[PDB]
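Everything below belongs to data-v5.cif, which stores mmCIF, C-alpha atoms and all ligand atoms.
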data_final
loop_
_atom_site.label_atom_id
_atom_site.label_comp_id
_atom_site.auth_asym_id
_atom_site.auth_seq_id
_atom_site.Cartn_x
_atom_site.Cartn_y
_atom_site.Cartn_z
CA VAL A 1 0.00 0.00 0.00
CA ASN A 2 1.22 3.50 -0.91
CA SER A 3 -0.10 7.06 -0.58
CA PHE A 4 -1.06 7.72 -4.22
CA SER A 5 -4.76 8.59 -4.56
CA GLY A 6 -7.29 8.89 -7.38
CA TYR A 7 -5.32 7.03 -10.07
CA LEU A 8 -6.83 4.89 -12.81
CA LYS A 9 -5.10 1.50 -13.08
CA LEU A 10 -3.93 0.79 -16.63
CA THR A 11 -1.90 -2.40 -16.03
CA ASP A 12 -0.41 -4.43 -13.20
CA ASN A 13 2.13 -1.65 -12.50
CA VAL A 14 1.11 1.53 -14.42
CA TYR A 15 -1.39 4.07 -13.07
CA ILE A 16 -2.53 7.41 -14.52
CA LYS A 17 -4.20 10.59 -13.24
CA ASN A 18 -5.11 14.09 -14.43
CA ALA A 19 -2.92 16.10 -12.06
CA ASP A 20 -0.21 18.73 -11.82
CA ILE A 21 2.96 16.79 -10.99
CA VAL A 22 4.16 19.73 -8.88
CA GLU A 23 1.07 19.69 -6.67
CA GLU A 24 1.05 15.89 -6.63
CA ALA A 25 4.69 15.76 -5.50
CA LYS A 26 4.13 18.36 -2.77
CA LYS A 27 1.21 16.33 -1.40
CA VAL A 28 2.61 12.80 -1.67
CA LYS A 29 6.32 13.52 -1.09
CA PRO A 30 7.20 10.40 -3.11
CA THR A 31 10.53 8.65 -2.85
CA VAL A 32 11.18 9.51 -6.52
CA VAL A 33 9.75 12.22 -8.76
CA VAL A 34 10.81 12.09 -12.41
CA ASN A 35 11.82 15.29 -14.17
CA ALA A 36 11.49 15.75 -17.94
CA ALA A 37 15.11 16.89 -18.22
CA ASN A 38 17.43 17.93 -21.02
CA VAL A 39 21.09 16.91 -21.25
CA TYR A 40 22.24 20.25 -19.79
CA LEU A 41 19.76 20.10 -16.90
CA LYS A 42 18.55 23.58 -17.90
CA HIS A 43 15.11 23.58 -16.28
CA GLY A 44 13.53 26.40 -18.23
CA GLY A 45 10.03 25.32 -19.20
CA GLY A 46 7.57 22.50 -19.36
CA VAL A 47 7.61 20.05 -16.47
CA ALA A 48 11.24 20.89 -15.65
CA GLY A 49 10.57 24.62 -15.41
CA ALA A 50 7.61 23.95 -13.13
CA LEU A 51 9.46 21.53 -10.83
CA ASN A 52 12.41 23.88 -10.56
CA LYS A 53 10.22 26.92 -9.79
CA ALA A 54 8.58 24.94 -6.99
CA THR A 55 12.05 24.38 -5.44
CA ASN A 56 12.76 28.14 -5.50
CA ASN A 57 15.56 27.45 -8.07
CA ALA A 58 17.42 25.07 -5.73
CA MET A 59 17.03 22.31 -8.34
CA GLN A 60 18.78 24.50 -10.92
CA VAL A 61 21.63 25.42 -8.54
CA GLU A 62 22.23 21.74 -7.74
CA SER A 63 21.98 20.83 -11.42
CA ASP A 64 24.53 23.44 -12.50
CA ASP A 65 27.04 21.97 -10.05
CA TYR A 66 26.27 18.47 -11.37
CA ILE A 67 26.94 19.53 -14.97
CA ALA A 68 30.09 21.46 -14.04
CA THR A 69 31.47 18.24 -12.51
CA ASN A 70 30.11 15.55 -14.85
CA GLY A 71 29.22 17.17 -18.17
CA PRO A 72 25.92 16.69 -20.00
CA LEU A 73 23.71 13.64 -19.79
CA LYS A 74 23.01 11.42 -22.79
CA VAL A 75 19.67 11.52 -24.57
CA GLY A 76 17.97 8.46 -23.10
CA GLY A 77 20.01 8.78 -19.90
CA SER A 78 19.36 9.97 -16.37
CA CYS A 79 20.85 11.03 -13.08
CA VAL A 80 19.57 10.94 -9.50
CA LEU A 81 19.68 14.26 -7.64
CA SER A 82 17.86 15.67 -4.62
CA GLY A 83 14.09 15.95 -4.64
CA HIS A 84 14.33 19.14 -2.55
CA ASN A 85 10.92 20.01 -1.03
CA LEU A 86 9.07 17.81 -3.55
CA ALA A 87 10.37 14.25 -3.04
CA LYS A 88 13.28 12.39 -1.51
CA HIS A 89 14.99 12.11 -4.91
CA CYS A 90 14.50 13.54 -8.37
CA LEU A 91 15.30 11.21 -11.27
CA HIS A 92 16.20 13.55 -14.14
CA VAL A 93 15.43 11.59 -17.33
CA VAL A 94 16.20 12.84 -20.84
CA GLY A 95 13.66 11.73 -23.40
CA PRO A 96 14.31 12.64 -27.04
CA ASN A 97 13.14 16.12 -28.02
CA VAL A 98 11.43 15.83 -31.40
CA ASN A 99 11.72 19.59 -31.83
CA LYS A 100 15.51 19.02 -31.84
CA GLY A 101 15.45 16.11 -34.31
CA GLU A 102 16.31 13.38 -31.79
CA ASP A 103 15.57 9.71 -32.49
CA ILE A 104 12.23 8.62 -31.03
CA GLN A 105 13.58 5.09 -30.50
CA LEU A 106 15.54 6.60 -27.59
CA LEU A 107 12.24 6.95 -25.75
CA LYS A 108 12.41 3.28 -24.73
CA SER A 109 15.94 3.76 -23.38
CA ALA A 110 14.70 6.79 -21.42
CA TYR A 111 11.90 4.78 -19.79
CA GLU A 112 14.32 1.95 -18.89
CA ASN A 113 15.79 4.29 -16.26
CA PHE A 114 12.52 3.96 -14.32
CA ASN A 115 13.23 0.26 -13.70
CA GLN A 116 15.99 1.17 -11.25
CA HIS A 117 13.34 2.49 -8.82
CA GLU A 118 10.58 0.46 -7.21
CA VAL A 119 7.98 3.29 -7.25
CA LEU A 120 7.97 6.62 -9.11
CA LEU A 121 5.78 9.64 -9.77
CA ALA A 122 6.40 10.70 -13.36
CA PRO A 123 5.22 12.66 -16.40
CA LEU A 124 4.97 11.10 -19.84
CA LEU A 125 8.47 11.29 -21.32
CA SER A 126 8.97 13.36 -24.47
CA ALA A 127 5.42 14.77 -24.26
CA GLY A 128 4.55 18.45 -24.03
CA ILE A 129 7.24 20.76 -25.35
CA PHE A 130 9.44 17.74 -26.22
CA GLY A 131 7.12 17.20 -29.20
CA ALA A 132 6.41 13.46 -29.17
CA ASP A 133 2.97 11.87 -29.42
CA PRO A 134 1.78 11.31 -25.82
CA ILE A 135 -0.26 8.26 -26.85
CA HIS A 136 2.98 6.73 -28.12
CA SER A 137 4.80 7.77 -24.94
CA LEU A 138 2.20 6.01 -22.79
CA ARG A 139 2.48 2.86 -24.93
CA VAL A 140 6.27 2.80 -24.58
CA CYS A 141 5.94 3.39 -20.83
CA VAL A 142 3.57 0.45 -20.39
CA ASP A 143 5.72 -1.82 -22.57
CA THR A 144 9.04 -0.82 -20.90
CA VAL A 145 8.55 0.05 -17.23
CA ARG A 146 8.15 -2.94 -14.91
CA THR A 147 8.29 -1.07 -11.60
CA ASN A 148 5.32 0.83 -10.17
CA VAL A 149 4.79 4.11 -12.02
CA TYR A 150 2.21 6.77 -11.18
CA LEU A 151 1.74 9.07 -14.18
CA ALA A 152 0.54 12.66 -13.74
CA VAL A 153 -0.98 14.24 -16.87
CA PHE A 154 -1.52 17.99 -16.51
CA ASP A 155 -3.99 18.56 -19.35
CA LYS A 156 -7.48 17.23 -18.60
CA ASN A 157 -8.37 16.92 -22.29
CA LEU A 158 -5.20 14.93 -22.99
CA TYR A 159 -5.79 12.69 -19.97
CA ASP A 160 -9.26 11.71 -21.22
CA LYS A 161 -7.87 11.05 -24.69
CA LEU A 162 -5.10 8.88 -23.24
CA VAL A 163 -7.56 6.79 -21.22
CA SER A 164 -10.22 6.42 -23.90
CA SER A 165 -7.69 5.19 -26.49
CA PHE A 166 -5.67 2.86 -24.24
CA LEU A 167 -5.38 -0.69 -25.50
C1 LIG B 1 1.03 19.87 -20.85
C2 LIG B 1 0.59 19.14 -21.85
BR1 LIG B 1 -0.36 20.00 -23.27
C3 LIG B 1 0.74 17.66 -22.07
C4 LIG B 1 1.90 17.03 -21.31
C5 LIG B 1 1.66 17.00 -19.82
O1 LIG B 1 0.57 16.69 -19.35
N1 LIG B 1 2.73 17.33 -19.07
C6 LIG B 1 2.71 17.39 -17.68
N2 LIG B 1 2.29 16.32 -16.99
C7 LIG B 1 2.17 16.44 -15.66
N3 LIG B 1 2.43 17.50 -14.89
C8 LIG B 1 2.85 18.55 -15.61
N4 LIG B 1 3.18 19.78 -15.09
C9 LIG B 1 3.57 20.60 -16.12
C10 LIG B 1 3.98 22.01 -15.85
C11 LIG B 1 3.50 19.91 -17.31
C12 LIG B 1 3.88 20.39 -18.68
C13 LIG B 1 3.03 18.58 -16.99
CL CL B 2 7.60 19.35 -20.69
#
Produce structure tokens that represent the structure in this file.
Amino acid sequence: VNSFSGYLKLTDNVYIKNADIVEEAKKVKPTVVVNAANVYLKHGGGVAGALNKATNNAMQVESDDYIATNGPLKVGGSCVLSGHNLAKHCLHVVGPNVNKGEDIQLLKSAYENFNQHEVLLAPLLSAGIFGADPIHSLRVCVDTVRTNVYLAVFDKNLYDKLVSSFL
């Protein structure tokens, strides 16, 4: 039993809800919140901009030190950093950004990072300003993640479309 509430069960291990991941994280304080990161950990907009703003820019300060030490992530890769006031940990995961021309096949590699964590609160990777089809992202999630994933979908219209079309 965990503290996640109001989710629709899609499969044995994948759940979905119309929710703002920022507000959901603040309420649940999950062990792991997933950020929709870029390789530079520049948290300017989309989910990343919202998560960072909620940390009062502490996420960005920590991230800049991480990049100064380690260099950029790989597309499809991840790193574990602090969850600040939102979660114990933040798993920064880089899905391909279609608006940059990145290979959509890397979306599966991106979701594989979730399997290193028993339970996660997450957005759909590569959705939103990353330009991928969210229906495809949900399919890859379900077919790749084996650990327990709680998906927060901000847009109510998109959430209903994702549910109604789920096979
Ligand atoms: C937004 C659209 Br159109 C479709 C993608 C989507 O639902 N992305 C998200 N999913 C969950 N929490 C979220 N918080 C914020 C700020 C975003 C962007 C977000
Ligand atoms: Cl985004």
Produce a table with one row for each residue of chain A that has an atom at most 6 Å from any atom of ligand LIG 1 (chain B), each row naming the nearest atom pair and its distance in Å at one decimal; use all atoms listed in the file; arrange rows by chain and rising residue number; format as a tab-separated table.
residue	atom	partner	partner_atom	distance
A:20	CA	B:LIG1	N3	4.2
A:21	CA	B:LIG1	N3	4.0
A:46	CA	B:LIG1	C12	4.3
A:47	CA	B:LIG1	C9	4.1
A:50	CA	B:LIG1	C10	4.9
A:123	CA	B:LIG1	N2	4.7
A:127	CA	B:LIG1	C4	5.1
A:128	CA	B:LIG1	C4	4.1
A:152	CA	B:LIG1	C7	4.5
A:153	CA	B:LIG1	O1	3.8
A:154	CA	B:LIG1	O1	3.8
A:155	CA	B:LIG1	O1	4.9
* Asked: Hey, which of A:31, A:99, A:3, A:55 ends up closest to ligand CL 2 (chain B)? Count only C-alpha atoms and all ligand atoms.
  ->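 Of the candidates, the smallest distance to ligand CL 2 (chain B) is held by A:99.
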* Asked: Can I get the residues close to ligand CL 2 (chain B) as a ChimeraX atom specification, where close means within 10 Å and we count only C-alpha atoms and all ligand atoms?
  -> /A:35-38,43-50,97,123-131
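Between residue 63 of chain A and the residues A:116, A:164, A:82, A:147, the shortest atom-to-atom distance, using all atoms listed in the file, involves A:82.
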* Asked: Do you know which residues are at most 12 Å from residue 42 of chain A counting all atoms listed in the file, after dropping those on the same chain fewer than 6 positions away, and could you put them as a PyMOL selection string?
  -> chain A and resi 35-36+48-52+57+59-67+72-73+92+94
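Counting from atom CA of residue 39 of chain A, the distance to atom CA of residue 105 of chain A is 16.8 Å.
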* Asked: Restricting the calculation to all atoms listed in the file, which member of A:58, A:106, A:149, A:158 is positioned closest to residue 30 of chain A?
  ->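 Looking only at the distances to residue 30 of chain A, the closest residue turns out to be A:149.
The smallest atom-to-atom distance between residue 162 of chain A and any of A:41, A:93, A:8, A:32, using all atoms listed in the file, is found for A:8.
In terms of minimum interatomic distance to residue 25 of chain A, A:151 ranks closest within A:80, A:141, A:1, A:151, counting all atoms listed in the file.
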* What is the distance between atom CA of residue 148 of chain A and atom CA of residue 163 of chain A, in Å to one decimal? -> 18.0 Å
* **For residue 111 of chain A, the nearest of the candidates A:145, A:16, A:138, A:10, counting all atoms listed in the file** =>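 Answer, going by the shortest atom-to-atom distance: A:145.
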* Which value, in Å to one decimal, gives the distance between atom CA of residue 132 of chain A and atom CA of residue 75 of chain A? -> 14.2 Å
* Asked: Do you know which residues are at most 9 Å from residue 150 of chain A counting all atoms listed in the file, after dropping those on the same chain fewer than 3 positions away, and could you put them as number ranges by chain?
  -> A: 4, 7, 13-17, 119-123
